[PDB]
Amino acid sequence: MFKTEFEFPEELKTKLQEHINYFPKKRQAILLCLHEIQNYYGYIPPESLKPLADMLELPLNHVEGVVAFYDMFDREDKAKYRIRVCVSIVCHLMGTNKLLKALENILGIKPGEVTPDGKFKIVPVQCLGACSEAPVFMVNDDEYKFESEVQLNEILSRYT
Amino acid sequence: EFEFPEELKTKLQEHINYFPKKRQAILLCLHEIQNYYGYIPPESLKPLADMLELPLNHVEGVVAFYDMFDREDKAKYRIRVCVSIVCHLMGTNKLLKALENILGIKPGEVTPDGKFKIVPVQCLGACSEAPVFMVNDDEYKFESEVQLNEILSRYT
Amino acid sequence: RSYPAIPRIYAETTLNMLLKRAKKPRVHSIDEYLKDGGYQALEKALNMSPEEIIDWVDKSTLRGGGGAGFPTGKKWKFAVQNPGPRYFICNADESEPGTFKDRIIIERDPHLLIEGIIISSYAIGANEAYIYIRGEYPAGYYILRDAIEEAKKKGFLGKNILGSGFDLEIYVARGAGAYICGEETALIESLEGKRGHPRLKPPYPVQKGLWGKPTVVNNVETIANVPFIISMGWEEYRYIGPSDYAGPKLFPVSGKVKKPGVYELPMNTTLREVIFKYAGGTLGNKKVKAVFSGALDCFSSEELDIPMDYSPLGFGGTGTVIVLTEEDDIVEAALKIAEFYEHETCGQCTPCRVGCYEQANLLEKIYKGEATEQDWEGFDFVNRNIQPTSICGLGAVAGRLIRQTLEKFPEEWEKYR
Amino acid sequence: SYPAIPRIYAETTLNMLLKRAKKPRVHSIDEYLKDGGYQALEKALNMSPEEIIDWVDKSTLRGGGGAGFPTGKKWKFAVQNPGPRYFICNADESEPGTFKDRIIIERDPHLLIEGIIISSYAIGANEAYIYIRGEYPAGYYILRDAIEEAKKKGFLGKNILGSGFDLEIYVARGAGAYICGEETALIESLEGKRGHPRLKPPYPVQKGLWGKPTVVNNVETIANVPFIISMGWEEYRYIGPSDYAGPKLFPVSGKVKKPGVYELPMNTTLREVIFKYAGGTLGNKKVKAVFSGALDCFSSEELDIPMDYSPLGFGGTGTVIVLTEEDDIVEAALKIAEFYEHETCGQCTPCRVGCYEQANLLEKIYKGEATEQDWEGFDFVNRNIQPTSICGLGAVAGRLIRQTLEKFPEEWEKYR
Ligand SMILES: Cc1cc2nc3c(=O)[nH]c(=O)nc-3n(C[C@H](O)[C@H](O)[C@H](O)COP(=O)(O)O)c2cc1C
Ligand SMILES: Cc1cc2nc3c(=O)[nH]c(=O)nc-3n(C[C@H](O)[C@H](O)[C@H](O)COP(=O)(O)O)c2cc1C
Ligand code: SF4
Ligand code: SF4
Ligand code: FES
Ligand code: FES
Ligand SMILES: [Cl-]
Ligand SMILES: [Cl-]
Ligand SMILES: [Cl-]
Ligand code: NA
Ligand code: NA
Ligand code: NA
Ligand code: NA
Ligand code: NA
Ligand code: NA
Ligand code: NA
């Protein structure tokens, strides 16, 4: 099955077209579209940017620069679930390091790494705006206070 | 001895000239009279009958038949409260209690200043927004006493 | 100008026809209607013969939306068999409990209604048309008066419309508090400047109506379909929904649902789908106990799988859906239905006059725990004896819903006795 | 069904912005309406836009996004320029310690929406945006749903409640950049570009989105507008001290017993925030420092200041991060340096290199691997991030850290 130019699956293309039609100008939809792409594939595939750029009526170079600039987007590692761990001042003070330890015990990985099954990636992030509930992490869109290893293990068991 | 003021008589004349036959305008005229005076004055019916070219007892029978018309009580603002099935199910009684709390009156009563009359009515055709009430021509969903109080404050 | 305040009734459509504009809760004026291709169906119609228009409306399968489901084309055919002049009447009296479908067309997309009235009037050779709108819809009245003026200024009403030689005036009349003025003969009596007293039928209005002349009375929703039939053609219209009950229908849904409002749906939709698929299910996810089809019928929770069509086993009527859940007292709800008929009988027929009064009087006593044994037996008797000698549908049905509750919920009634 | 959100504690002495948001759940439109919601909108639409501006001016309302700029005055500046005009709600909230805006978004979205509609009407904007950080996905879904609710009830769309006023609100999402909270970078992002601040002047009120007059206001600011209309400016100005009137939200975190968001008047002192409202310190340890987000460091000798926008007041966004006696100030300073390192957009050379070097060197200092030259270099870089900077980030990236050098010399000297 020889390779041919990348094309968006119909169900994804539909969603992208929806974002593009949502704002007055197509190019305003770029971040929504990139979120949608990363949601679908578990990362931003490099080959996806050219056809996205065509849909936005933007030069490819513009799209690439945007992907590079915004820290939430990941062109390198596919992962089903991103565990975003806050490493900023309040979480650090209140126990980021205990959360990271518990994550290593449960998943066998450190920040920046992906489990061997492609399931989880630990992503260190700046303040998540939940500092009263420090230390904070997210699992894709879900956000939690870390309490303990037993508690974290129960939380992660819900992601399959 | 009773005569309509000129500005009202003009408006009655417009309704009477609107339909192909004069007598068709009877309900529009009665609405106009009630809007003007806050009720239907018994003494207004004789001159109306004359303009409609109808017998007085015909006009009297019409006023009697149609529930929107009121010959008894003057009120600046009629609060029409729906008492039919959907509004009853969804909280007519809470609206009525809120009205009593704010205005001090029950259905059928007029405030002493003649400002507000609560008129219980059948289904107002807004059942998805139950419980429904009107203040003269304006129509609203009742949400709460605080909300109702602010609405009523707009009528002075 | 400024119109009176109106609650913003929710509206949703899977068909995007009658509610294409009225799904948005505001007045759509003529320029906006024209931008959507409005009044082109009128232009097309005026280039057709009246007879062809009747033929398309017949072949469309369109049925009346005012409760009886009578085939519209057939009605028009009956009227045009009688010498003119003829009159066309739009029934906007909508006063049955639960029913608020017609007002959102009137208030939000008046030009849809007006265009349908002009086509319909042309079809039956009427040069005078009326809208009879209930008195408790003041906003709809002012909105229609203004829309008619807009249509006049753009040349869609008046003499010699668009060079066709067809003349039309639409007069707007207002009711003044009587449900019975929705009955097509009482409506005509009211238009003639009298009390709203139904006439003995036959004759039917199509033979002898306003001023004794052939008169077609149609419901707002019925008329609002007509521009679509001309625009699409009868074949494409008939492709909407099941072929025997084709086309859009409006369903006003209220009571214990999460999303009360008006739904534009095909008539193969089931009652269960209306409630759970479209109206978001029940408040608190409580079990459905009963659906009241306005003040006409009571369906139990064992009858939810029926189609919303005009078939013998279908829901029928005006598609009015009032949902009661498991905690709702059926006897309390029956009392509210009784009170409605008590307040609306015109009193011409003795069993209706006395029966509607006694049904409510006695049921109140039962509800309050003040009924004697004779009051109970009397209630049962009166409920079964409102209809004899009645000359209109009100007397025929004033006992129907309540009798259904007695048969379908015996355990609850027994508790009161 | 929305993504899981931590249930941030919220408490109010005024029962305004947190009237509903004190309860940690979504309040939908029916609950909002029961509390008299959208009645302020109805009243506003019977006033002239100029009248509304005058009221917001006379209320003394100031922005809650950090700069404390008088809101009515901002509006007046926008409307002296020809239309069309745009209104933007800044929901980028990404400064460390700051979580005040999210509880309005997530729990009382209609308060924000109502404020947006009134504000848009005041400045003649027919198109409004909410720009919400990418890491608030629940807030995004909640806002989208609430907007649809508002549309269904006729508070959004064309000819709102017969007023002739048209409005659509569009919800945009960020994608991980703190700098996109800076009003000009936010606008660049809304235009589909990288979040690079623009040289000012011009200011957004003159030339903003697509070069048109644009008002950017913070979530908290906008949430005040319904109260100003409902109560009137005079009754609103009666709340708190007359020069800094009305409610303010204070996100309190770190070593307190009751971390969370507090709605209080601005005559409240910092000491009262910590000890009267937030329950005092964990373990009853002594306060060592308060970080005002990533902006300022107050010592234990500075707790008796008002939480207002006066020169000697706390100011900022009212973000209170509490460190106690055992907390290492240099470790804390490193975290602040790391934040600026990660968020400079890199357009300006001293900011780009200074934010990087400040963190690089401070890490060496903290780990005991700094040479004498690294120490001297750190001092120098910390004082030289700001030159040529075109936005506030470069101006403040060294500020808090410099304050720790001045206020806690004995801890720093331990590392040297
Ligand atoms: C008591 C009573 C009330 C009625 N109310 C209405 C009404 O409000 N609207 C309506 O269009 N038809 C109403 N009808 C039905 C009309 O008499 C008539 O069948 C209808 O207006 C015909 O139009 P259609 O064929 O388009 O349905 C009522 C009938 C009765 C017996
Ligand atoms: C680096 C930087 C980041 C900012 N982040 C935010 C933010 O997250 N939210 C916000 O409303 N304002 C933020 N601001 C301030 C805005 O530029 C702007 O002053 C504010 O949104 C105006 O609204 P206000 O007057 O209601 O405060 C930031 C400013 C800078 C310099
Ligand atoms: S059946 Fe009832 S409503 Fe109908 S004409 Fe007779 S008395 Fe009047
Ligand atoms: S000061 Fe820093 S963050 Fe601001 S524009 Fe310059 S490089 Fe970017
Ligand atoms: S410092 Fe981690 S959520 Fe704010
Ligand atoms: S039952 Fe009250 S409006 Fe219909
Ligand atoms: Cl290219
Ligand atoms: Cl006489
Ligand atoms: Cl043609
Ligand atoms: Na023809
Ligand atoms: Na005529
Ligand atoms: Na009527
Ligand atoms: Na054909
Ligand atoms: Na004023
Ligand atoms: Na003023
Ligand atoms: Na961002």
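Numbered from 1 within each chain, the chains take letters A, B, ... in sequence-line order.
At a 4.5 Å heavy-atom cutoff, the contact between C/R195 and chain B is made by backbone and side-chain atoms alike. If you measure heavy-atom distances from C/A139 to chain B, you find no contacts under 4.5 Å at all. In this structure, the portions of C/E136 lying under 4.5 Å from any heavy atom of chain B include both its backbone and its side chain. At a 4.5 Å heavy-atom cutoff, C/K101 makes no contact with chain B through either its backbone or its side chain. If you measure heavy-atom distances from C/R134 to chain B, the contacts under 4.5 Å come from the side chain alone. Interface remark: C/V172 contributes backbone and side-chain atoms alike to the contact with chain B (heavy atom separation under 4.5 Å). Of the atoms belonging to C/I104, not a single heavy atom falls under 4.5 Å from chain B. When heavy atoms are compared at a cutoff of 4.5 Å, C/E332 approaches chain B solely by way of its side chain, counted from C-beta outward. Heavy atoms closer than 4.5 Å to chain B are found in the backbone of C/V323, but not in its side chain. Only the side chain of B/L28 comes within contact range of chain C, with at least one heavy atom under 4.5 Å from a heavy atom of that chain. For C/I337, the part lying near chain B is the side chain, with the backbone staying farther off; criterion is any non-hydrogen pair under 4.5 Å. Of the atoms belonging to C/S190, heavy atoms from both backbone and side chain fall under 4.5 Å from chain B. No part of C/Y179 comes within reach of chain B, as not one of its non-hydrogen atoms sits under 4.5 angstrom from that chain.
The number of heavy-atom neighbours closer than 6.0 Å to NZ of B/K9, taken from other residues, nucleotides and ligands shown, is 12 or below.
The six-membered or imidazole ring of C/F88 lies away from that of C/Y130, with a centre-to-centre distance of 6.0 Å or more. Here C/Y142 and C/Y3 keep their ring centres 6.0 angstrom or further from each other. Taking the six-membered ring for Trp, B/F133 and B/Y140 have ring centres closer than 6.0 Å.
A donor atom on one side chain and an acceptor atom on the other are found under 3.5 Å apart for C/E183 and C/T185.
No side-chain heavy atom of C/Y263 sits under 4.5 Å from any side-chain heavy atom of C/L250.
Here CG of C/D93 is found 10.0 Å from CG of C/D102. Values are rounded to the nearest 0.5 Å.
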